[PDB]
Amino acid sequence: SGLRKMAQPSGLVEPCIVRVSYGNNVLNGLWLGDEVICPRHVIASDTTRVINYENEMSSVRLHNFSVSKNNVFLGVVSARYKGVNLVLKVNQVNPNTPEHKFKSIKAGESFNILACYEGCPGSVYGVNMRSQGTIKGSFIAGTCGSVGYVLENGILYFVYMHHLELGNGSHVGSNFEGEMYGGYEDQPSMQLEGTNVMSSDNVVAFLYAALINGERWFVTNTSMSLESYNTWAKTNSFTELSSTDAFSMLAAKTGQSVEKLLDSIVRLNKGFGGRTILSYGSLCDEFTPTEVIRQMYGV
């Protein structure tokens, strides 16, 4: 076919999602146990202008909050700021809480996103952590608080919650420890992202996958050592390769070694001229060896 960006399934998350409001602010909250996490800015009286939190947490009549799963409401007990995330102890443990574990995504790691609009999940798509800690999601008005999750061996991990969008378009969110990814703040301010660093690990996988679906026009006898490639890497914003390991697998199923790809990269780093790979016209790093292996002829 191609290679296409899948998402792992979502049924385990959908019940834990709710509609948290507060004033004119309607968004989505995650509901695990008697807790309900969500972007803090829901409290803020005017999100369209620099925010003074603290101040805002000082006159927040808990009775005004408004949580609901479908048209079935919930009562609020406490609420504690935790990083950029807001916590709400509700008066009704969630019967659908999924066995899980929290973590955070390192750059170049793929993960699923479940965009929601006022408590209702609307779509499911996988994404990827850019070097600067932002994602090219596809968020818009009302998807704040959407949840991002991963599964690694029957373990459902919660890793992301959506907050805001940069001036350039990139989407910013927090991990569940209350940490906004990329250190960005929850302020309608002009904040920069800084150059994006292409994930080498992930670009190699992309090329392997290409071979796999019978695509080779971009592979020629000639090769670069991790050394060499590594240099160039440091000049054209590509992560660096530590061990040609990882790909031994693919390197076998296709006989071609990384070395032969690192060269490809460099040739390809300035357009495919008129050709394409897996339908892509430029190099892509949204996939990880895991995905190529799991997606392609494999587990």
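One rule holds for the numbers: they count along the sequence shown, beginning at 1.
Enquirer: So which stretch wins on mean C-alpha B-factor, 84-92 or 123-131?
Expert: According to the entry, 84-92 carries the higher average C-alpha B-factor.
Enquirer: Do the CA atoms of 206-214 or those of 109-117 have the higher mean B-factor in the entry?
Expert: Taking the mean C-alpha B-factor of 206-214 and of 109-117, the larger value falls to 206-214.
Enquirer: Going by the CA temperature factor in the entry, name the top one among 140, 219, 172, 198.
Expert: The listed residue with the largest C-alpha B-factor is 219.
Enquirer: For residue 99, does the deposited CA B-factor place it in the lowest, middle or highest third of the chain?
Expert: Bottom third by C-alpha B-factor.
Enquirer: Within this chain's modelled residues, let me know which third the CA B factor of residue 268 belongs to: lowest, middle or highest.
Expert: Middle third.
Enquirer: Quick check on the deposited entry: does the C-alpha B-factor of residue 153 sit in the lowest, middle or highest third of its chain?
Expert: Middle third.
Enquirer: Please rank the C-alpha B-factors of the chain's modelled residues and tell me whether residue 9 sits in the lowest, middle or highest third.
Expert: It belongs to the lowest third of the chain when residues are ordered by C-alpha B-factor.
Enquirer: Would you mind checking where the Cα B-factor of residue 144 ranks among the modelled residues of its chain, as the lowest, middle or highest third?
Expert: Residue 144: CA B-factor falls in the lowest third of its chain.
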